[PDB]
Every structure is written in C-alpha cells, then in structure tokens.
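Let me begin by presenting the structure, written as structure tokens, before commenting on it.
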Amino acid sequence: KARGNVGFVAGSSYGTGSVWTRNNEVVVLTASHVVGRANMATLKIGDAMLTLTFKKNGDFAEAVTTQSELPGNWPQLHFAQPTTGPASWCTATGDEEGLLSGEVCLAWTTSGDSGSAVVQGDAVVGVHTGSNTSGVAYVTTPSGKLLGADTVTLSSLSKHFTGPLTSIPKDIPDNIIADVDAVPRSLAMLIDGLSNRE
C-alpha cells in the first residue's frame with residue numbers, strides 16, 4: 001500500500017508522483033523524462049485526475065496547483081540534502097527501503113517507479129530517475145544533481161552505519177568498491193533488504 005500522497009503520472013512516459021503542501025500552494029513532484037518535452041502531464045491520485053505543467057531542473061520536475069484543484073491534507077514539503085543512510089522510495093505500490101548516498105544509491109525499482117519521491121525522515125531529497133543492474137538507483141535532487149553515478153569504498157560507506165561487523169551481501173554493484181570483508185549490520189541489512197515494498 002502506497003503513501004497517501006503518492007500518485008500515478010502520465011506524460012511522454014508512465015511514472016510516479018507525489019503531492020505536497022508549500023506556502024498555500026499544492027506541489028506535485030515527478031521525473032522530467034516521465035513528463036516529456038511538451039512539459040505537460042496528467043496526475044492520478046485518489047479520485048482526482050489533473051493535467052499539470054512542470055518546471056524542470058535536470059530530471060527533477062515540479063508542478064504547482066491549488067487546494068481547489070487538488071484538495072487533500074497533503075504533507076508539508078521539506079527539501080533536504082542527501083544524508084548517507086536509508087531512504088524510502090515512495091512508489092505507487094508501497095515504500096521501497098534503499099541505500100542513499102551522493103555517490104551510490106541502491107533500491108529495487110521498475111520503470112513505472114520513475115518519479116517516486118525519495119525521502120529521508122519528513123524531507124524529500126530527490127525523485128527517482130532510473131535504475132541499473134543489481135539494484136542500482138539514480139536519484140535527482142531539486143537542484144538537478146544526479147546522485148548514484150560515482151563510486152565509494154565499502155569502508156568509507158561503513159563509517160555512516162551502526163551495528164556490529166557483518167558479512168557483505170552477495171550481489172553488490174561494481175561502483176561499491178569491496179575493500180573490507182565485513183560491514184556494520186545496518187549497512188548489510190539495508191542491502192539485504194532489497195525489494196521490500198510488499
């Protein structure tokens with residue numbers, strides 16, 4: 001079951017969106033490539049169907065509308081810098097718990113999940129942009145920075161996680177440089193937690 005503010009978006013492609021409140025306006029986030037160059041796309045949430053125009057920054061797409069056009073108790077929109085740790089990919093079929101860092105992001109997603117808000121706590125860090133082999137995720141922040149395209153060692157990543165040393169999960173992407181033979185339990189369980197929205 002998806003979060004209450006998560007909807008489906010259809011433009012040049014099919015994706016996911018999220019709805020929020022900010023300074024008396026209703027804000028809708030999704031991915032630019034889901035919207036498409038014509039800059040128009042239709043959001044479906046609850047019984048509401050609304051066509052919107054989006055301002056874009058790289059693959060991060062944001063539309064604004066009003067309470068009279070899209071009523072509901074939408075959660076307040078807070079943007080925040082990425083913090084190395086767990087993050088929730090808010091897909092239309094439930095939250096996918098994944099690893100988020102500036103260099104590498106891991107989450108089990110499909111094409112339809114493009115545009116899902118990626119959140120940490122009560123704040124949006126970006127939208128889901130795309131995927132690669134072995135749970136690789138790419139996330140675009142509101143300022144248009146692409147997260148997930150660089151490399152990081154396991155030891156460097158490990159500094160950010162609590163718990164005792166644990167065996168490294170089997171399938172990890174080449175962009176995570178395996179330079180230790182054990183990682184903190186929370187890091188291992190995160191990666192092991194692959195595919196958890198059900």
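In the structure tokens, chains take letters A, B, ... by order of appearance, with residues numbered from 1 within each chain and ligands from 1 in the order shown.
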Fill in: Test item: residues at most 10 Å from residue 178 (chain A), only C-alpha atoms, excluding those fewer than 4 positions along its chain, as a PyMOL selection string
chain A and resi 152-155+168+172-174+182
Find the residues of region 40-120 of chain A that sit at most 12 Å from region 144-151 of chain A; for each, write down the nearest two atoms and how far apart they are in Å, to one decimal. Count only C-alpha atoms. Sort by chain, then by number going up, and give it as JSON lines.
{"residue": "A:55", "atom": "CA", "partner": "A:144", "partner_atom": "CA", "distance": 11.7}
{"residue": "A:56", "atom": "CA", "partner": "A:144", "partner_atom": "CA", "distance": 8.5}
{"residue": "A:57", "atom": "CA", "partner": "A:144", "partner_atom": "CA", "distance": 4.9}
{"residue": "A:58", "atom": "CA", "partner": "A:144", "partner_atom": "CA", "distance": 4.8}
{"residue": "A:59", "atom": "CA", "partner": "A:144", "partner_atom": "CA", "distance": 6.8}
{"residue": "A:60", "atom": "CA", "partner": "A:144", "partner_atom": "CA", "distance": 6.2}
{"residue": "A:61", "atom": "CA", "partner": "A:144", "partner_atom": "CA", "distance": 9.5}
{"residue": "A:62", "atom": "CA", "partner": "A:144", "partner_atom": "CA", "distance": 11.7}
{"residue": "A:81", "atom": "CA", "partner": "A:145", "partner_atom": "CA", "distance": 10.7}
{"residue": "A:82", "atom": "CA", "partner": "A:147", "partner_atom": "CA", "distance": 8.7}
{"residue": "A:83", "atom": "CA", "partner": "A:147", "partner_atom": "CA", "distance": 11.2}
{"residue": "A:84", "atom": "CA", "partner": "A:147", "partner_atom": "CA", "distance": 11.1}
{"residue": "A:98", "atom": "CA", "partner": "A:148", "partner_atom": "CA", "distance": 11.9}
{"residue": "A:99", "atom": "CA", "partner": "A:148", "partner_atom": "CA", "distance": 9.9}
{"residue": "A:100", "atom": "CA", "partner": "A:148", "partner_atom": "CA", "distance": 7.9}
{"residue": "A:101", "atom": "CA", "partner": "A:148", "partner_atom": "CA", "distance": 7.0}
{"residue": "A:102", "atom": "CA", "partner": "A:147", "partner_atom": "CA", "distance": 4.8}
{"residue": "A:103", "atom": "CA", "partner": "A:150", "partner_atom": "CA", "distance": 4.5}
{"residue": "A:104", "atom": "CA", "partner": "A:148", "partner_atom": "CA", "distance": 3.8}
{"residue": "A:105", "atom": "CA", "partner": "A:148", "partner_atom": "CA", "distance": 4.8}
{"residue": "A:106", "atom": "CA", "partner": "A:148", "partner_atom": "CA", "distance": 8.1}
{"residue": "A:107", "atom": "CA", "partner": "A:148", "partner_atom": "CA", "distance": 10.8}
{"residue": "A:118", "atom": "CA", "partner": "A:147", "partner_atom": "CA", "distance": 11.2}
Those same residues - N, CA and C atoms - I'd like them written as a compact mmCIF listing (two decimals), in the first residue's frame.
# COMPACT_ATOMS: atom_id res chain seq x y z
N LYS A 55 7.95 22.71 -14.13
CA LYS A 55 9.24 23.36 -14.28
C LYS A 55 10.29 22.28 -13.98
N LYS A 56 11.35 22.26 -14.77
CA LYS A 56 12.33 21.20 -14.67
C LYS A 56 13.74 21.66 -14.34
N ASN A 57 14.46 20.81 -13.61
CA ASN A 57 15.87 21.00 -13.35
C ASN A 57 16.50 19.62 -13.52
N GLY A 58 17.11 19.39 -14.68
CA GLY A 58 17.56 18.05 -14.99
C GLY A 58 16.33 17.16 -14.98
N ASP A 59 16.43 15.98 -14.37
CA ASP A 59 15.29 15.05 -14.33
C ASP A 59 14.32 15.31 -13.18
N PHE A 60 14.56 16.36 -12.38
CA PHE A 60 13.64 16.74 -11.29
C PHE A 60 12.55 17.65 -11.84
N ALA A 61 11.29 17.25 -11.72
CA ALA A 61 10.16 18.03 -12.25
C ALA A 61 9.16 18.44 -11.18
N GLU A 62 8.80 19.71 -11.15
CA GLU A 62 7.88 20.21 -10.14
C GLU A 62 6.75 21.03 -10.75
N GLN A 81 19.25 18.04 1.99
CA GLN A 81 20.43 17.49 1.35
C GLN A 81 20.47 15.98 1.62
N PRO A 82 21.00 15.21 0.69
CA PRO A 82 21.15 13.77 0.90
C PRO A 82 22.07 13.49 2.09
N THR A 83 21.66 12.54 2.91
CA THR A 83 22.44 12.08 4.04
C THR A 83 22.73 10.60 3.78
N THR A 84 23.98 10.17 3.93
CA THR A 84 24.30 8.76 3.69
C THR A 84 23.56 7.86 4.69
N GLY A 98 15.79 1.75 0.66
CA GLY A 98 17.04 1.60 -0.06
C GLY A 98 18.20 2.38 0.55
N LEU A 99 19.37 2.24 -0.05
CA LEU A 99 20.56 2.98 0.39
C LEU A 99 20.63 4.25 -0.41
N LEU A 100 20.86 5.36 0.27
CA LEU A 100 21.04 6.63 -0.41
C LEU A 100 22.35 7.26 0.03
N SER A 101 23.14 7.71 -0.94
CA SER A 101 24.36 8.49 -0.71
C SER A 101 24.58 9.32 -1.97
N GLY A 102 25.49 10.28 -1.93
CA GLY A 102 25.72 11.10 -3.11
C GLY A 102 26.35 10.28 -4.24
N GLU A 103 27.18 9.32 -3.86
CA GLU A 103 27.92 8.52 -4.83
C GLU A 103 27.16 7.31 -5.36
N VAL A 104 26.44 6.61 -4.47
CA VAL A 104 25.80 5.34 -4.82
C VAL A 104 24.41 5.20 -4.17
N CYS A 105 23.41 4.84 -4.97
CA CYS A 105 22.08 4.60 -4.43
C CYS A 105 21.59 3.21 -4.87
N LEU A 106 21.03 2.45 -3.93
CA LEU A 106 20.52 1.11 -4.21
C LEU A 106 19.05 1.00 -3.80
N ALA A 107 18.22 0.48 -4.69
CA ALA A 107 16.81 0.29 -4.40
C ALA A 107 16.24 -0.60 -5.49
N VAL A 118 12.01 10.37 -3.22
CA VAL A 118 12.94 9.63 -2.39
C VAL A 118 13.05 10.47 -1.12
Discussion item. Show me, as a PyMOL selection string, the residues that have an atom within 9 Å of region 32-47 of chain A when counting only C-alpha atoms, minus same-chain residues fewer than 3 positions from it.
Written reply: chain A and resi 4-19+28+50-62+114-115+129
Practice prompt. Please identify all polymer residues within 12 Å of residue 73 (chain A), counting only C-alpha atoms, omitting same-chain residues fewer than 4 positions from it, and present them as a PyMOL selection string.
Written response: chain A and resi 4-5+19-22+24-26+67+77
Item to complete: Measuring atom to atom with only C-alpha atoms, identify which of A:133, A:143, A:196, A:156 is nearest to residue 96 (chain A).
Response: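 Smallest distance to residue 96 (chain A) is found for A:196.
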Worksheet item: If you run DSSP on this backbone, which residues of region 30-196 of chain A come out as helix (DSSP H, G or I), and could you give them as a ChimeraX atom specification?
Response: /A:32-35,111-113,154-158,185-192
Output C-alpha atoms of each residue in that selection to a file, as a short mmCIF file (atom, residue, chain, number, x, y, z; two decimals), in the first residue's frame.
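Produced file out_2.cif, reproduced below:
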data_model
loop_
_atom_site.label_atom_id
_atom_site.label_comp_id
_atom_site.auth_asym_id
_atom_site.auth_seq_id
_atom_site.Cartn_x
_atom_site.Cartn_y
_atom_site.Cartn_z
CA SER A 32 11.17 15.13 -16.17
CA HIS A 33 11.55 12.19 -18.57
CA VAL A 34 8.14 10.89 -17.41
CA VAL A 35 6.67 14.32 -18.28
CA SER A 111 10.36 1.73 -14.99
CA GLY A 112 6.97 2.73 -13.57
CA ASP A 113 8.68 3.90 -10.36
CA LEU A 154 32.72 -0.22 1.49
CA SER A 155 34.93 1.10 4.29
CA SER A 156 34.06 4.73 3.52
CA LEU A 157 30.35 3.85 3.29
CA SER A 158 30.64 1.88 6.57
CA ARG A 185 24.94 -4.72 10.41
CA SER A 186 22.65 -1.84 9.41
CA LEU A 187 24.55 -1.39 6.12
CA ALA A 188 24.38 -5.16 5.36
CA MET A 189 20.68 -5.46 6.28
CA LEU A 190 19.93 -2.40 4.16
CA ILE A 191 21.39 -4.02 1.03
CA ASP A 192 20.00 -7.45 2.04
#
Worksheet item: Hey, what does DSSP flag as strand (DSSP E or B) within region 9-81 of chain A? Can you give it to me as JSON, numbers by chain?
Response: {"A": [9, 10, 14, 15, 16, 17, 18, 19, 20, 21, 22, 25, 26, 27, 28, 29, 30, 31, 40, 41, 42, 43, 44, 45, 48, 49, 50, 51, 52, 53, 55, 56, 57, 60, 61, 62, 63, 64, 65, 76, 79]}
Practice prompt. Go ahead and compute the interatomic distance for CA of residue 137 (chain A) and CA of residue 194 (chain A), in Å to one decimal.
Written response: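 About the pair CA of residue 137 (chain A) and CA of residue 194 (chain A): they are 11.9 Å apart.
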